[PDB]
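Peer 1: sequence plus experimental coordinates follow:
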Amino acid sequence: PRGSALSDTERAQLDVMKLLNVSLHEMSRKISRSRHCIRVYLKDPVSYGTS
DNA sequence: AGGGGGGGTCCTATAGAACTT
DNA sequence: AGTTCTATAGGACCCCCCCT
């Protein structure tokens, strides 16, 4: 895609951050990733990588 | 028309795998 | 090293707030 897929770490952060109720926008800033990936992934982290 | 904050959409090249030399 | 492939990351464009 336009960028690399999410690393286990990145996705790991994302999981915690969500737990912390961080905002999408802050999340991106935090790990320098588009809201887009972040969004999609959190909507279903499992399904990520299933293609 | 900016900076900051929150949230969408959705086009579109390309990551990265599978393959072929 | 090149090919060929397509689901997907980027980020464009949108909505709404308030302000050194």
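Peer 2: Yep, that arrived. Numbering: from 1, shown residues only, chains lettered A, B, ... in the order given.
Peer 1: helix or strand for the residue nearest the centre of chain A, which one?
Peer 2: Nearest residue to the geometric centre of chain A (Cα atoms, centre = their mean): residue A:38, 3.1 Å. Per DSSP states H and E: residue A:38 is located in helix A:35-43.
Peer 1: equivalent analysis for residue A:27, please.
Peer 2: helix A:24-31.
Peer 1: in chain A, spot the helix with the most residues.
Peer 2: When chain A is parsed with DSSP state H, its longest helix is helix A:8-19.
Peer 1: so that one, near DNA strand B or not?
Peer 2: No - Helix A:8-19 stays clear of DNA strand B (Cβ under 7 Å from any atom of the strand), getting no nearer than 10.5 Å. From N, CA and C alone the C-beta is placed, and that goes for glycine too.
Peer 1: would you mind writing the CA trace of that helix as PDB?
Peer 2: Output of helix A:8-19 as PDB, limited to C-alpha atoms (Å, rounded to 0.1, in the frame of the first residue of the first chain):
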ATOM      1  CA  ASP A   8       3.500  -6.000  16.000                       C
ATOM      2  CA  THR A   9       4.800  -3.200  18.200                       C
ATOM      3  CA  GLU A  10       2.800  -0.400  16.600                       C
ATOM      4  CA  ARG A  11      -0.300  -2.600  16.800                       C
ATOM      5  CA  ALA A  12       0.700  -3.300  20.300                       C
ATOM      6  CA  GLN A  13       0.800   0.400  21.200                       C
ATOM      7  CA  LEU A  14      -2.500   0.900  19.500                       C
ATOM      8  CA  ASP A  15      -4.100  -1.700  21.600                       C
ATOM      9  CA  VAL A  16      -3.000  -0.100  24.800                       C
ATOM     10  CA  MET A  17      -3.900   3.400  23.600                       C
ATOM     11  CA  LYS A  18      -7.300   2.300  22.700                       C
ATOM     12  CA  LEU A  19      -7.500   0.800  26.100                       C
END
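Peer 1: report the inter-axis angle for that helix versus helix A:24-31.
Peer 2: Here helix A:8-19 points in a direction 150 degrees away from that of helix A:24-31 (axes from the mean of the first three to the mean of the last three Cα atoms, to 10 degrees).
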